[PDB]
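> Here is the sequence, then the experimental structure:
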Amino acid sequence: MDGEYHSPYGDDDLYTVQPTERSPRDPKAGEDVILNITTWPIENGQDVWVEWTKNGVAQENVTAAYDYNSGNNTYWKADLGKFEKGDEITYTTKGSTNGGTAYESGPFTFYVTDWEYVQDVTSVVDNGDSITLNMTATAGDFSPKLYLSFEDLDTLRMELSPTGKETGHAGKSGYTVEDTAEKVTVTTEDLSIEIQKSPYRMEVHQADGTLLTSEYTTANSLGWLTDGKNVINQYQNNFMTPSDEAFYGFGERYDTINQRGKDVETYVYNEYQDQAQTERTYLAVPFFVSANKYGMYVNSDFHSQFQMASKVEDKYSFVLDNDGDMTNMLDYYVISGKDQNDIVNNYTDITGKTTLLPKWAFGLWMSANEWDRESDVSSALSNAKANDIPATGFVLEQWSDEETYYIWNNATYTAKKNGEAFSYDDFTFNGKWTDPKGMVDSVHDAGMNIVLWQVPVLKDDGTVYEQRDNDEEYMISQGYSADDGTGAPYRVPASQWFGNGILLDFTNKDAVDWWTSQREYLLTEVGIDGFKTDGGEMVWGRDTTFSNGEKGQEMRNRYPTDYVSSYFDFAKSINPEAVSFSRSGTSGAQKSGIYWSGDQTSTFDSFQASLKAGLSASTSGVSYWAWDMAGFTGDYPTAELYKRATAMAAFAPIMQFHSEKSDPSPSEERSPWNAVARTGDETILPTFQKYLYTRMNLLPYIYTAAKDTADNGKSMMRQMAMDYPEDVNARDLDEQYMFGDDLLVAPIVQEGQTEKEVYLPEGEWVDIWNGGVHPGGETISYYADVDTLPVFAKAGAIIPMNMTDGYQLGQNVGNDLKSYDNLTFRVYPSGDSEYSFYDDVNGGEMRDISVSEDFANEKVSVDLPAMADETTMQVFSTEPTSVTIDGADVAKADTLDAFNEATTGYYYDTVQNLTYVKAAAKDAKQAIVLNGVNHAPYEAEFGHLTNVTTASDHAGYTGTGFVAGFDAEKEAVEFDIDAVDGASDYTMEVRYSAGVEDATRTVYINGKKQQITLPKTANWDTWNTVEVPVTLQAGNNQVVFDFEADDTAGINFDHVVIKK
Ligand SMILES: OC[C@H]1O[C@@H]2OC[C@H]3O[C@H](O[C@@H]4[C@@H](O)[C@@H](OC[C@H]5O[C@H](O[C@H]([C@H]2O)[C@@H]1O)[C@H](O)[C@@H](O)[C@@H]5O)O[C@H](CO)[C@H]4O)[C@H](O)[C@@H](O)[C@@H]3O
Ligand SMILES: OC[C@H]1O[C@@H]2OC[C@H]3O[C@H](O[C@@H]4[C@@H](O)[C@@H](OC[C@H]5O[C@H](O[C@H]([C@H]2O)[C@@H]1O)[C@H](O)[C@@H](O)[C@@H]5O)O[C@H](CO)[C@H]4O)[C@H](O)[C@@H](O)[C@@H]3O
Ligand SMILES: OC[C@H]1O[C@H](O[C@@H]2[C@@H](O)[C@@H](OC[C@H]3O[C@H](O)[C@H](O)[C@@H](O)[C@@H]3O)O[C@H](CO)[C@H]2O)[C@H](O)[C@@H](O)[C@@H]1O
Ligand SMILES: OC[C@H]1O[C@H](OC[C@H]2O[C@H](O)[C@H](O)[C@@H](O)[C@@H]2O)[C@H](O)[C@@H](O)[C@@H]1O
Ligand SMILES: OC[C@H]1O[C@H](OC[C@H]2O[C@H](O)[C@H](O)[C@@H](O)[C@@H]2O)[C@H](O)[C@@H](O)[C@@H]1O
Ligand SMILES: OC[C@H]1O[C@H](O)[C@H](O)[C@@H](O)[C@@H]1O
Ligand SMILES: [Ca+2]
Ligand SMILES: [Cl-]
Ligand SMILES: [Cl-]
Ligand SMILES: [Mg+2]
Ligand SMILES: [Mg+2]
Ligand SMILES: [Mg+2]
Ligand SMILES: [Mg+2]
Ligand SMILES: [Mg+2]
């Protein structure tokens, strides 16, 4: 025999086992315990056995039985049997051939556990900032204590000490307690916590009595797993959930946005390509938000499983792991708030706010793994310029020596001992990188900022590489690695990414300072703008030990966030504009930069999973989220996928293209120019440009939303039920979302699709591209060819934009981040609305703008704050008869050219039905009033048409044209029209031409019929308006025009307008 091996926990992997583990790893009462053992080489006459004690008494040896052979190894199973709660088992596994040299593993000890639950509350002590509930247990000898405290008046914290020896934390004092024999009720202005005493059972209500959530009906819901003496290994609680309850968040999830029915693992993992199918993630957070208006956060870095009505149809549960330490309390929060987004804000109060990034982070990021030399960077920049792609971010991955990851590829130098840091001048730059500082300067010259790829591991591939070997020696001599549990440095398991590499212990501040010192010259001298901090899902092994005294079970989920945060803070300390770009983390990840959705293939299925990842991350407080648009690997995307992806990406928090392959031919860049080359579809370029230019037009809105995340916890991109939690149609939507406060975005994420269903919540929505009006409260069908993205603005929206003199979306304003071209506010008037604009160009002043819509009196008023810039309003309305600024008349400009020349003025855009109003910069509020205005027209051409078509061959129409002829039976034009100012009689203006003869049409108003007379117009180039009395109810009204048997003559039908 050459050896024997058994190790009960293997690498402690959640998903797999090594072939030499104990099963179960942590045996409970009544579970059969199997030991898997290996010997080598394969030989006759081998004996494998187990020497062991039960509660200190030597047992008869167990003989292991042959199981299987693989390679030059035999695998064996030894059966120890079942045990009782409290049993302490110690064993050693042994092997030898024909009574020769004996090889052994162990000794190993396990303590056999079972569940104990809270039984009754026996007394309650109110300490003014905390409440102690003294408890009995269902089994065992503990005297548990549950501590209640308020993180705020709407955020409840539970801390359980099974032994009673630990004490909970103080919280707010603003509560009262009604403590009776049978029940204790804890009340704040926001919450009513009702706790039955016998059996103990908690219900969490809002202050008005509405139930948020509650412990399971049968009580004994809250428990711990113990041997009663040495260990507590798990905690659980169990809660009642009705059949319609939806559960969102849990970090970044690829499979679904609503986790009901699933067991969700809070476990970071590097899963390539098939995250959705395996239900794995790089970014796992033990926090969810329910559409029943609460969130739950289990405050622990240990692995937890959330069982979301996956076992019992009306029960959800959490099972939280522990390392055995009996002094670690269970700590969790039930989180209420003013609305769903406020629940997320309260969660970020606990775990950390998003840090506002510089505005350059919100432009296009360009990346490709194949970029590996200065000529590649030069050509990326010149390709972007030649194709009018004004990006702001630039990533280099294949930049380094591929050994130290802090030295440029091909650089030569005198190696340094003892981990001493390099300066720029220590290097002779050669080959692929002759002048890194110059290269960076060229990136900056293009208006871009650059980040460099990093990992948290010291690579050790077993080869000789002087500087890396020097650094490894130094790192070990200082104790800068984690420890494997035996005194040796922890290494990533050999089969994994960077296997054999030594992790830097990011819990050790000295270690971090050393590691970052080696990169300092990249920031201070080369002038980089941050790091793409990749990896981090690299902590395996229960005995792996960190400088904070924590071990592998506790640190696996936390490690990536320690790593990412260390680098983010370090880069920012030198370069205040630095940005991190990362994939892995847990609670608190949001403090430290951008998160991208990792490694996915270029398919529509992947696109679907990416969108779910962003929407779940958003609920989990990770707002600055990116994805590799159209996928970074697999076969090159189709033109269709590339175009659909581009549109979504332009309307996502962070826009970035990227590609996996390191030296491919042809190129694998997901750049728009390479996509044209690879697909042969030249129309990719103008479509990409449209969406990129539109994003840059919206940058003032986007960046205000980024600040709103940082300040108020409102994520930039949100699943519909975050804004509409009571809306039954919004619960499961995963192919549309809100972007900022105002825009409903509905990407096409299905191959071959052109009829996109869009669910519109109650209220009026307006198509931002063309002014099409859509009353809410139904699913509409929107025709979207491959170049088209349905996007709608909600009623009352005030949307800041940076426009060219053309004043249309999708016109290139460039990538200047320090000035505006034409600062513009797009307004959809509806009652009184207000918006706080983040004017970052002018010192970050908040500009409070308000609009008062009064269409009943044919007026819209805008209260413009003091501004540093000329401003243009674009107000969705009919053409005013006059406009005043501070009471002073402003003249109508007849053309766009005249408007651009004017200092102040107004202009009416007939295509978009937008009134442009130009106001000078002034260090004082300005009152703008639009007079004689009504709600914008309902264009006939945007109506539901039956057997009738559109044209535009006679000038003077509004919108894009008119409905032509409309002069046979079974032809109809249907409008969905909102009552502008509630249920009332109104006048419907019908604008038409009838160049040959008097016409009539029939109209139905919510089923009520009348015939209208449309007198002849002089010719087909003359429009007239007839006023029709109608009666409209609140909200959406069905207005149907048709041509019936008693109607006559052709018309061209331009629009209708509703006015008082
Ligand atoms: O040149 C730097 C670096 O480039 C490549 O990795 C960057 C890549 O990392 C992340 O995805 C990776 C994935 O590409 C793949 O990598 C395996 C690969 O790792 C090393 O080489 C990397 C490049 O892949 C190189 O150092 C190693 O030398 C090589 O032998 C290996 O084949 O798989 C891992 C494991 O799943 C994955 O994490 C990142 O997500 C991605 O955006 C980035 O492009
Ligand atoms: O060039 C003459 C004429 O040609 C086209 O119409 C052919 C059509 O004419 C007569 O019926 C029309 C009817 O179709 C409808 O036309 C509305 C239409 O009028 C003008 O364009 C038409 C052509 O379509 C043109 O005059 C106008 O430019 C366009 O914008 C309008 O949509 O209504 C009128 C009035 O009731 C009627 O005269 C003719 O009777 C019929 O047989 C023939 O097919
Ligand atoms: O394919 C040769 C390549 O293999 C290894 O690197 C690859 C890397 O190039 C990348 O390839 C993506 C590619 O993977 C499969 O071939 C798949 O069928 C295809 O659709 C997809 O586009 O990613 C994989 C996985 O990360 C890497 O293994 C070698 O490292 C490299 O030397 C070789 O050139
Ligand atoms: O720390 C290892 C090594 O780094 C530099 O050399 C890098 C590289 O230089 C040339 O390209 C050679 O052809 C390669 O063999 C080298 O790896 C230092 O100059 C060198 O002193 C040092 O040992
Ligand atoms: O939101 C309004 C409308 O937008 C698109 O259609 C625009 C299209 O409408 C008519 O066909 C006009 O004649 C054209 O000039 C316009 O471009 C969507 O496809 C549609 O579904 C939506 O209702
Ligand atoms: O093993 C290290 C190698 O990994 C990948 O293949 C990289 O593309 C290459 O640049 C590097 O030399
Ligand atoms: Ca029209
Ligand atoms: Cl144990
Ligand atoms: Cl891995
Ligand atoms: Mg709050
Ligand atoms: Mg290259
Ligand atoms: Mg700088
Ligand atoms: Mg130490
Ligand atoms: Mg689906």
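Arrived safely, thanks for sending. Residues are numbered from 1 along each chain as shown. Ligands and ions are numbered 1, 2, ... in the order given.

> which bits of the stretch 251-400 of the chain sit near ligand 6?
residue 398 (Cβ under 6 Å from any ligand atom). Yep, even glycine has a C-beta here, placed from its N, CA and C like the rest.

> The helix or strand harbouring residue 1056 near ligand 2 at all?
Secondary structure assignment for residue 1056, by DSSP states H and E: strand 1051-1059. Yes: using Cβ under 6 Å from any ligand atom, strand 1051-1059 comes into contact with ligand 2 via residue 1052.

> Against which helices or strands is that strand packed?
strand 938-939, strand 962-965, strand 972-978, strand 984-993, strand 1024-1032 (3 or more Cβ pairs under 8 Å, 6 or more residues apart in numbering; DSSP states H and E).

> who wins for proximity to residue 722 among these?
strand 972-978 (24.7 Å; Cβ to Cβ).

> Check whether that closest one comes into contact with ligand 2.
No: Strand 972-978 lies out of reach of ligand 2 by Cβ under 6 Å from any ligand atom, never closer than 13.6 Å.

> returning to that earlier point: any idea which of the helices and strands packed on strand 1051-1059 is most buried?
strand 938-939 (a mean of 25; mean count of other Cβ atoms under 10 Å).

> Name the next helix or strand following it along the chain.
Reading on from strand 938-939 to the C-terminus, the next helix or strand found by DSSP H and E is strand 944-946.

> got a list of contacts for that following strand?
963, 970, 971, 972, 973, 974, 975, 976 (Cβ atoms under 8 Å, 6 or more residues apart in numbering).

> what about stretch 103-116, distance to the chain center?
Computed by Cα atoms, centre = their mean, to the nearest Å, the chain-centroid distance of stretch 103-116 equals 41 Å.

> ok, which residues in this structure are in contact with ligand 5?
Going by Cβ under 6 Å from any ligand atom, the residues of the chain near ligand 5 are 767, 770, 772, 782, 783, 941, 942, 950, 960, 961.

> Could you point out which of the residues you listed is nearest to ligand 5?
Ligand 5 has its nearest neighbour among the residues of the chain next to ligand 5 in residue 772, at 2.3 Å by Cβ to the nearest ligand atom.

> contacting residues around that closest one?
766, 939, 942.

> To what extent is the last one buried, counted in neighbours?
It stands for residue 942. Residue 942: 21 surrounding residues under other Cβ atoms under 10 Å.

> so it touches residue 773, yeah?
Yes: assessed by Cβ atoms under 8 Å, residue 942 is found in contact with residue 773 at 7.4 Å.

> before we move on, back to that, just the buried ones from the residues of the chain next to ligand 5?
Buried members of the residues of the chain next to ligand 5, counted by 16 or more other Cβ atoms under 10 Å: 772, 782, 941, 942, 950, 960, 961.

> of all those residues, which comes closest to ligand 4?
For those, the nearest to ligand 4 is residue 782 (57.5 Å; Cβ to the nearest ligand atom).

> Excluding covalently adjacent residues, which one is nearest to that closest one?
Nearest residue to residue 782 in three dimensions, chain neighbours excluded: residue 790, at 4.4 Å (Cβ to Cβ, 6 or more residues apart in numbering).

> I'd like the next helix or strand past whichever strand in the chain runs longest.
Scanning the chain for the longest strand, with DSSP state E as the assignment, gives strand 114-126. Note on strand 114-126: by DSSP H and E, the next helix or strand toward the C-terminus is strand 131-137.

> I'd like to know which elements that next one is packed against.
Short answer (3+ Cβ pairs under 8 Å, 6+ apart): strand 131-137 packs on strand 114-126, strand 145-152, strand 183-187.

> Of all residues in this protein, which one is closest to ligand 7?
residue 959 (3.5 Å; Cβ to the ion).

> which ones are touching the residue lying closest to residue 957 once chain neighbours are set aside?
Of all residues not flanking residue 957 in the chain, residue 1054 sits nearest, at 4.7 Å (Cβ to Cβ, 6+ apart). Residue 1054 is in contact with 937, 939, 940, 957, 958, 959, 962, 991, 992, 993, 1023, counting by Cβ under 8 Å, 6+ apart.

> number of nearby residues for the residue of the stretch 301-450 of the chain found nearest ligand 1?
When distances are taken as Cβ to the nearest ligand atom, the stretch 301-450 of the chain reaches nearest to ligand 1 at residue 398, 3.8 Å away. Residue 398: 17 surrounding residues under other Cβ under 10 Å.

> and what of the one 3 residues further on?
As a burial measure, the neighbour count of residue 401 was computed by other Cβ under 10 Å and equals 16.

> The one 10 residues further on now?
Neighbourhood size, residue 411 [other Cβ under 10 Å]: 19.

> Residue 349 too?
For residue 349, using other Cβ under 10 Å, the count is 14.

> how near is it to residue 558?
The gap separating residue 349 from residue 558 is 19 Å, by Cβ to Cβ, to the nearest Å.

> Same check on residue 495?
From residue 495 to residue 558 the distance is 23 Å (Cβ to Cβ).

> Having no further points to raise, I will conclude here.
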